[PDB]
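Chains as they are written, first to last, in the deposited numbering: chain E, 3 to 206; chain V, 3 to 103; chain R, 3 to 52; chain W, 258 to 360; chain X, 258 to 308; chain U, 2 to 75, 77 to 129; chain B, 2 to 75, 78 to 129; chain C, 2 to 75, 77 to 129; chain Y, 2 to 75, 78 to 129.
Positions of the beta carbon are idealized from the N, C-alpha and C atoms, including for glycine.
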Amino acid sequence: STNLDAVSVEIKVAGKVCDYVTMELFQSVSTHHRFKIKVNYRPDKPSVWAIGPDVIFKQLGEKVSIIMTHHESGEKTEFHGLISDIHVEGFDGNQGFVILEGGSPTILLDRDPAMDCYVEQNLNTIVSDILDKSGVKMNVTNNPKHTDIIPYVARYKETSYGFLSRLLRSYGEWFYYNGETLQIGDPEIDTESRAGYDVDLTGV
Amino acid sequence: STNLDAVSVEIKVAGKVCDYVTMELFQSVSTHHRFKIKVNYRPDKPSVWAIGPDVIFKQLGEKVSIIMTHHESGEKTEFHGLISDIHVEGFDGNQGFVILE
Amino acid sequence: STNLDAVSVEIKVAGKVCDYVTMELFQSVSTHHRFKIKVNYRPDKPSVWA
Amino acid sequence: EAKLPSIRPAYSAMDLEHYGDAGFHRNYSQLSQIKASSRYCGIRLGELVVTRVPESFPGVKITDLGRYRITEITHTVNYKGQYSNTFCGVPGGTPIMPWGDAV
Amino acid sequence: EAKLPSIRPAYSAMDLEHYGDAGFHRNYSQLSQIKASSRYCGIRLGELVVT
Amino acid sequence: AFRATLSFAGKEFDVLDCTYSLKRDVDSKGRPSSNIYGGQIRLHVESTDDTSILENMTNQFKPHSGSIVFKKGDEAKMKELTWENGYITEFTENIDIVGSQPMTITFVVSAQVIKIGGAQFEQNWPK
Amino acid sequence: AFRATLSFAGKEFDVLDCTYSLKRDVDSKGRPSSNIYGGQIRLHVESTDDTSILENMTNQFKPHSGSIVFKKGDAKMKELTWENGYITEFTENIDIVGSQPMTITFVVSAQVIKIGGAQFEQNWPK
Amino acid sequence: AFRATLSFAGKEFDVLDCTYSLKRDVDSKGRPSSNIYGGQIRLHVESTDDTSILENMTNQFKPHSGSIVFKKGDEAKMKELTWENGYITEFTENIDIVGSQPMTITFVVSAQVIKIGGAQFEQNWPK
Amino acid sequence: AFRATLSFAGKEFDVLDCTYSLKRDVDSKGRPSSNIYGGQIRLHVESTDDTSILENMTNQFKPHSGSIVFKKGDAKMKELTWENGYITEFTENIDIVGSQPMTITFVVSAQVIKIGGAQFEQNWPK
Numbered sequence: 003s004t005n006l007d008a009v010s011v012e013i014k015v016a017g018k019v020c021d022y023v024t025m026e027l028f029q030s031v032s033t034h035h036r037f038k039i040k041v042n043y044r045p046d047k048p049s050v051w052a053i054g055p056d057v058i059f060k061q062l063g064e065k066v067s068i069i070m071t072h073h074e075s076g077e078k079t080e081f082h083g084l085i086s087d088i089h090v091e092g093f094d095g096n097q098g099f100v101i102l103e104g105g106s107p108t109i110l111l112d113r114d115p116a117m118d119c120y121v122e123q124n125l126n127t128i129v130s131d132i133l134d135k136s137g138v139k140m141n142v143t144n145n146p147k148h149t150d151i152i153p154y155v156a157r158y159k160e161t162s163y164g165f166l167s168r169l170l171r172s173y174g175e176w177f178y179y180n181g182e183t184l185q186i187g188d189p190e191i192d193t194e195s196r197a198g199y200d201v202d203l204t205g206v
Numbered sequence: 003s004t005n006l007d008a009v010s011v012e013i014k015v016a017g018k019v020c021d022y023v024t025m026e027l028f029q030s031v032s033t034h035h036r037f038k039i040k041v042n043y044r045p046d047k048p049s050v051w052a053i054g055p056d057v058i059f060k061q062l063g064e065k066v067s068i069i070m071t072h073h074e075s076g077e078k079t080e081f082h083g084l085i086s087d088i089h090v091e092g093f094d095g096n097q098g099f100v101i102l103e
Numbered sequence: 003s004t005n006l007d008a009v010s011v012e013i014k015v016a017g018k019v020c021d022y023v024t025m026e027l028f029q030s031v032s033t034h035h036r037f038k039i040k041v042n043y044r045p046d047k048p049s050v051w052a
Numbered sequence: 258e259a260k261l262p263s264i265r266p267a268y269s270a271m272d273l274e275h276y277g278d279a280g281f282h283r284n285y286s287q288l289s290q291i292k293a294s295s296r297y298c299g300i301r302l303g304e305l306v307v308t309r310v311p312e313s314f315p316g317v318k319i320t321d322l323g324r325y326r327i328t329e330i331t332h333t334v335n336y337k338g339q340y341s342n343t344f345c346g347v348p349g350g351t352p353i354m355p356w357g358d359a360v
Numbered sequence: 258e259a260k261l262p263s264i265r266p267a268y269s270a271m272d273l274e275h276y277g278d279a280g281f282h283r284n285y286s287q288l289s290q291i292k293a294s295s296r297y298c299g300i301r302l303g304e305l306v307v308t
Numbered sequence: 002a003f004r005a006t007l008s009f010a011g012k013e014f015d016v017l018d019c020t021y022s023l024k025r026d027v028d029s030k031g032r033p034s035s036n037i038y039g040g041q042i043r044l045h046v047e048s049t050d051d052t053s054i055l056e057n058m059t060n061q062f063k064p065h066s067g068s069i070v071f072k073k074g075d077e078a079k080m081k082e083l084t085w086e087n088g089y090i091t092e093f094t095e096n097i098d099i100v101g102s103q104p105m106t107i108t109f110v111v112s113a114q115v116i117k118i119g120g121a122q123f124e125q126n127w128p129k
Numbered sequence: 002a003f004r005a006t007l008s009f010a011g012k013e014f015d016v017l018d019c020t021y022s023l024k025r026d027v028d029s030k031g032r033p034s035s036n037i038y039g040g041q042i043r044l045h046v047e048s049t050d051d052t053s054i055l056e057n058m059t060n061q062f063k064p065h066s067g068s069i070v071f072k073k074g075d078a079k080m081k082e083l084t085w086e087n088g089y090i091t092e093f094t095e096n097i098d099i100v101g102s103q104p105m106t107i108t109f110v111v112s113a114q115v116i117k118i119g120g121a122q123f124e125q126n127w128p129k
Numbered sequence: 002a003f004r005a006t007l008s009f010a011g012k013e014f015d016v017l018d019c020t021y022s023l024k025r026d027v028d029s030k031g032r033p034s035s036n037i038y039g040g041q042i043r044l045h046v047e048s049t050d051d052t053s054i055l056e057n058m059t060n061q062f063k064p065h066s067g068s069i070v071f072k073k074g075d077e078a079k080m081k082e083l084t085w086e087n088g089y090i091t092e093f094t095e096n097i098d099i100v101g102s103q104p105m106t107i108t109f110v111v112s113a114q115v116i117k118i119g120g121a122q123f124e125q126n127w128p129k
Numbered sequence: 002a003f004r005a006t007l008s009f010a011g012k013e014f015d016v017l018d019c020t021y022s023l024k025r026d027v028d029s030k031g032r033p034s035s036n037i038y039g040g041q042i043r044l045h046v047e048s049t050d051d052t053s054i055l056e057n058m059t060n061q062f063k064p065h066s067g068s069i070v071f072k073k074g075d078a079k080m081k082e083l084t085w086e087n088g089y090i091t092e093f094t095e096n097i098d099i100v101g102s103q104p105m106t107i108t109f110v111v112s113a114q115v116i117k118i119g120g121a122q123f124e125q126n127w128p129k
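Structure (structure tokens):
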């Protein structure tokens, strides 16, 4: 079909296609990924008051997929995440709209301060222990570079992510989410692309 | 005859006159002095790509002089400082510009 | 008849009625209350400098 | 020369060599950096990009601008339906990623 | 289960029961909240409103 | 010929111009994304020795109703536009001693229900 | 000598004006930087005792279709057709001192518009 | 009395209006601060039963060339404006039952090269 | 028919238009909230061989004075005068069609302006 933008974005919530007005996605190698999606309700469909706010509030913690496709070159980007906040609002008597907020599953690992200690393990074993008692479904690649045994590590009133983020980085290990898996260790990625000023680069 | 402004400001970088478009200078008795200068690159002259960003970056640590003169009274203000970091920008095929901090 | 706004606000300073332009007031259950008032000086009265 | 103590315990000589190397490469990586914007989704996080300026520009002899590793990126779609992104990078040979949000 | 110490000394079993009970209700009340606008001056601090 | 007469507050006025409009908001791709809003009537009448439109705007704060009837001169009625539950929101009076119309009144009405022929427009004004 | 006839809602009207337009975006060097958008049709009609376009507007949840035929001189020259459209703007004006005693102008937002072998279509996510 | 003809897509059209402009940014003290930009040709031609300008805007996305020739005296070609590597970025078609020209088409062309007489404007598109 | 003449810098000019206005600020309830400000004079004059008004704007930077006299019958009706003024706008226009081609329009911003028995004074502290 003709009349297509350069890049096409598709959003699916729990496997079904979303009808959005505006999106936003942020990705980092040393922080959480975040998304914010605005959903609209059409005049000829039920409003947010005919459905009920508490029935909308029951899709917290569901899966979101965002896929961006470049038609000329056939190149795509994929992201999988979870919903952690919902807003339902309206003004001046309109039918209302919904705002979905979330990010990578590591955002749900950052809400639980506690006290622990580990005696004579390595970083490979400590990571598995933290992720074993999590309750969040995730897939991980666990390959740290420091394979020796640490006599003592303490978790001092911090969350699971805050404890793990601190400990792995002070040992100089890569620790981030690459869009579908959680990476621990250097992935050894050498994939190059070319960009030119005034050719697919609008500013430098 | 000359339509001079009330206050004239001159900037010299390493002893040579600078062609700027905007300036800001802040001073206090309890913190650092800070300046920010935007430099002009004319279409007649070579651009920032003909010169090269790595040759512009040789200006880190050089001297900067700012003089302010009030013509109707004869008053004056002098400042001497150093360059700490440099930015090179450009958008949509433009010849570029430089910001000195 | 007289035209009046839906809500009327009156401000008194030390018992005397105040002529204001804008007004702001913030109240909390777990912090301080804060107000801000801008007072109006008219050309037919003594000024701020007088 | 400026001396500081380690922030985590070290139990051998090689432990402090590795600790010192991570600190050096994090500081050297901040000497020069890039920040650009585009409308192309082939730019991906944690990968490499080679930047240049075309030879058709007037007076340009050296074309290379750098080789960078992508450390962040932001994607947007506005209310008219147009896509764009902005990103930042460090030089492509760096072995240690930034400190980030750790406390 | 996540465990933490008290930020305040406690001297009996009833003190710690009251301390933990206050912490629970503060965390539970942030599960769902409201925000609204109006032009009516009958809404007052510390009172109840039915929407 | 063409003439229109306005009945309001128990009096009749001579109309020189009249209009009303309706609208909906449209998405960037052309799909409607709102309900119909509007229904404001702008009227232009000849002012003759009495002030009764003015005192309904100022000295009264209750809703009213009115009708406008359009006829083709030689008297034939074809269309009648009525409103119910309305207020006067704008008012202006103009005098220009040059020529043409020397003394006129223009006002605007905002009403909940608008009726014209076999079509109606009702708004949601809850309690 | 020129005539335009609008066939709409099982009726026929006489058209005074008609317009449609399309547009793109450019990026200060002339290179296009977006796709084509627009496609609204604006019409001007003389109103005669029949309030049937207004009733179509008040039926907010039903799309329709229509045709406009252009006749040159003393035979059809062009035909503009739309399908799956709504009326999104309506104005009725009456001026007694001046000419044009009663007129109606309105806008149509449609999914497809076709004219003489060309066509423009928008995608609607349903 | 002048005449103008447009040769586009193998067809000939009759021109009622034509315009093109160039621009250059200027510093606060009067100096130029950029190079030439612009170069967009706006054309106003007559309409008929053929729809070939719209087909090139919608049904095709490829660069095209075109030519406009100006004639003086009721032969003896005056000038000729040429373009190459261009796209149609605007389109409009109006019909008015009363008043002068019945059916017209207006459109704007944004091209890379513009030639008129012995002058040439070229845009640096880095490809 | 009116005759207006301008006496400026020891010369005489033929006036085509003239204006001057004053203003005040007003609250949301219609109460004045500031003092009177304004008093600029806008003049339209027929150009000639002399270029004295231009040399007063550029070559000199001293305040000046001038007067305008209006005659209705032939007699003197009103006189508008200024002192301590500057020329802040200048424009020369040529149009080869007709109706006074060569003209000059300029604006004066003075401290004191006088007409008849009325005066306006500005507070310019020194």
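- Listed along the chain, the chain W residues whose CB falls inside 7 Å of the CB of V/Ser86 amount to none; the nearest CB is some 13 Å away.
- Comparing alpha-carbon positions, the option among V/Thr33, V/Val90, V/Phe28 and V/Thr24 lying closest to C/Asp28 turns out to be V/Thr24.
- If the five residues before and after E/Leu170 are omitted, its C-beta is found closer than 6 Å to the C-beta atoms of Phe177, all from its own chain and listed in chain order.
- Contact annotation: Y/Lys81 and Y/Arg4 have beta-carbon atoms that are not nearer than 8 Å.
- Any Cβ of chain C closer than 8 Å to the Cβ of W/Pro355 would place that residue at the interface, and such an atom is absent.
- Sequence-distant Cβ neighbours of B/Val115 in its own chain, meaning closer than 6 Å and more than five residues away, are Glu86 and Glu124.
- Shown here, X/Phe281 sits in a helix according to DSSP, grouped into three states.
- The DSSP-derived three-state label of C/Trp127 is coil.
- For E/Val11, the closest of E/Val31, E/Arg36 and E/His72 by C-alpha to C-alpha distance is E/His72.
- In this structure C/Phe9 is buried. Its beta-carbon is surrounded by 16 or more other beta-carbon atoms within 10 angstroms.
- Within the model, the alpha-carbon separation for B/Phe93 versus B/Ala2 is close to 29 Å.
- A direct Cα-to-Cα measurement between E/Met117 and W/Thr333 gives close to 40 Å.
- Chain-ordered, the chain W residues with CB closer than 7 Å to the CB of C/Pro128 read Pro311 and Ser313.
- With respect to the 8 Å criterion, B/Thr52 and U/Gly120 are classified as neighbours on the basis of their beta carbons.
- Here E/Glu175 is actually not in contact with E/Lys135; their C-beta atoms are around 21 Å apart, not less than 8 Å.
- Just so you know, the alpha carbons of Y/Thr49 and U/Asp98 end up roughly 40 Å apart.
- For U/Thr20, a Cβ of chain B is located within less than 8 Å of the residue's own Cβ.
- Setting aside the 5 residues that flank it on each side, Y/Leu7 is surrounded in the same chain by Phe14, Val16 and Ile69, each with a C-beta closer than 6 Å to its C-beta; the list follows chain order.
- The residues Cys20, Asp21, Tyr22, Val23, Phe99, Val100, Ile101 and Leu102, in chain order, have a CB closer than 8 Å to that of E/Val41 in the same chain once the five nearest residues on each side in sequence are set aside.
- Note that the C-beta distance between E/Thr79 and W/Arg301 is below 8 Å.
- Taking 8 Å as the cut-off, the beta carbon of C/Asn60 is found no closer than this to the beta carbon of C/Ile90.
- In the DSSP assignment, E/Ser130 falls within the unbroken alpha helix (DSSP H) covering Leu125 to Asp134.
- Counting along the chain, E/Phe165 sits inside the alpha helix (DSSP H) bounded by residues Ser162 to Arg171.
- The beta-carbon of W/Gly280 is placed no less than 8 Å from the nearest beta-carbon of chain V.
- U/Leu23 reaches chain B at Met58 and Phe93, counting residues in chain order whose Cβ is nearer than 7 Å.
- Residue environment analysis places X/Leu305 among the exposed positions, since fewer than 16 neighbouring C-beta atoms fall within 10 angstroms of its C-beta.
- Residues of chain E with a Cβ closer than 9 Å to the Cβ of U/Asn87 do not exist, since the nearest Cβ in that chain sits about 17 Å away.
- Taking 8 Å as the cut-off, the Cβ atoms of W/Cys298 and E/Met70 count as close.
- Residue pairing of E/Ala197 in beta bridges, as defined by DSSP: W/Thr308.
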